[PDB]
């Protein structure tokens with residue numbers, strides 16, 4: 001298994017690492033039909049989503065999508081520094097695949 | 001895919017944005033039959049609900065409704081500032097579709 | 001839908017409002033068979049339960065019963081002020097139907 | 001329904017009350033197969049388990065077992081004082097049936 | 001049942017105890033397909049995973065794997081000291097089987 005987010009991210013196509021080293025500036029979540037998603041931003045203007053679950057996702061990802069939204073909410077509320085995000089860059093906003101937190 | 005709450009809200013019929021920029025004043029939840037819901041208020045008097053799950057909701061919204069009540073409870077307890085709510089205005093109290101949190 | 005806990009409470013028989021305006025003094029939880037319940041008290045001694053799920057409950061209430069126990073535990077640990085409880089008074093201890101928190 | 005943990009405990013065979021009036025000293029949890037359980041200790045050395053779910057358990061206890069592990073973890077992390085435990089004493093470590101927390 | 005993490009760990013083949021007595025330095029989680037996992041590190045460089053649920057795991061472990069990831073997240077965010085990890089050391093990074101928190 002990968003030992004860090006960068007190596008993990010590199011195992012997939014259409015991804016990139018963003019380095020934030022900053023707490024989340026805003027947290028948005030929606031229960032509206034077909035937009036059951038979360039959106040975060042950072043003070044540098046960067047915006048990211050956790051995608052609406054869809055046919056691109058495999059079954060094993062469903063619980064992990066829900067966990068990620070849990071993680072972003074509590075990170076936001078505790079002002080935890082986000083080190084890096086692994087994202088898919090073929091979506092707008094870029095779609096979160098992985099998160100690391102440090103410092 | 002929308003990049004913020006305002007753009008997301010605009011995709012739906014019978015919605016509007018309320019700007020609060022304030023912590024939640026009160027949090028109420030019920031387990032009584034047919035009233036399994038949450039109600040929040042702000043010190044300006046504004047009252048909002050998370051609706052009881054019903055036939056106006058698609059399968060994908062059900063988990064998101066449960067998440068929203070989780071979010072409102074922990075926002076209330078941490079005194080997190082609510083920036084905006086996207087609501088359906090064809091319900092009373094107006095029914096929450098989305099929330100953004102920021103300072 | 002109801003604007004507040006008092007109006008919600010009045011939609012049901014065998015209920016009353018207790019106004020506490022105080023934090024929970026004690027929290028008790030059981031996994032023992034046929035007693036899978038929570039009990040709370042306030043400083044004055046008044047005692048309330050979240051009932052064991054039973055025949056009186058409709059299916060939609062089951063997730064709400066679990067949420068209520070989650071709410072009581074975190075309210076207890078954070079010393080959140082409980083404003084009101086809506087309770088069924090045909091049980092002993094009185095059985096919680098709804099809770100409002102406000103500072 | 002019982003008004004408190006001591007009365008609840010007395011409804012069962014093979015139980016006793018431990019009065020700790022102390023925070024949890026250590027919290028242990030395992031995902032290893034057939035040992036999916038939690039263990040806590042107190043500074044006095046007293047050790048308690050949440051049992052692995054088994055044939056002795058009824059369906060209604062499954063969620064409550066998960067909830068108790070949730071409760072012990074957050075009590076441990078918040079340094080919440082544990083008042084009493086109701087335990088089954090026909091197991092080693094003694095198996096938790098119920099917990100009370102008070103200031 | 002085992003009374004502590006060291007004795008639990010010894011019940012299994014291909015395990016060892018690591019003694020950290022330190023808070024988690026970094027927390028990483030992924031929702032990417034086939035890498036639905038968490039990774040933690042300590043400041044001494046030690047790196048550990050919660051393995052992706054697979055066919056090595058029995059059904060009772062599935063909920064416990066999710067719980068473990070919940071625990072590591074909240075331990076990280078609260079700066080809780082991790083005492084020991086029981087790991088399988090036939091995986092790289094070593095795969096977490098159990099955790100103890102004290103002190």
Bridge orientation stat for chain D from DSSP, antiparallel percent rounded to 5, came to 90
Given the rule -39500 (n - 2.57) for each run of at least 4 DSSP H residues, summed and divided by the residues of chain A, what is its mean residue ellipticity at 222 nm, to the nearest 500 deg cm²/dmol?
-7000 deg cm²/dmol
Hey, what did region B:45-103 get for relative contact order, percent, Cα under 8 Å, at least 6 apart?
38
Average other protein chain Cβ within 10 Å of Cβ, residues A:16-27
2
If each residue's Cβ is checked for other Cβ atoms within 10 Å, how do E:92, D:78, D:28 rank with the fewest at the top?
E:92, D:78, D:28
Using Cα pairs closer than 8 Å and at least 6 residues apart in sequence, work out the relative contact order for chain B, in percent.
35
List the distances, in nm to one decimal, from the label point of residue C:60 to the label points of the same position in every other copy, shortest first, placing each label point 7 Å from Cα along the Cα-to-Cβ direction.
2.3, 2.4, 3.8, 3.8
Pop the C-beta distance of residue D:13 and residue E:44 into the FRET formula with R0 = 41 Å and round what comes out to the nearest 0.05.
0.25
For C:48, C:42, what's the fewest-to-most ordering of other Cβ within 10 Å of each Cβ?
C:42, C:48
Inside 10 Å of the C-beta atoms of E:76-84, what's the mean count of C-beta atoms belonging to other chains?
3
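Here Cβ is always computed from backbone atoms with ideal geometry, including for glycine, and neighbour counts include all displayed protein chains. Every number here is computed from the coordinates shown, using simple stated rules; none is lab data.
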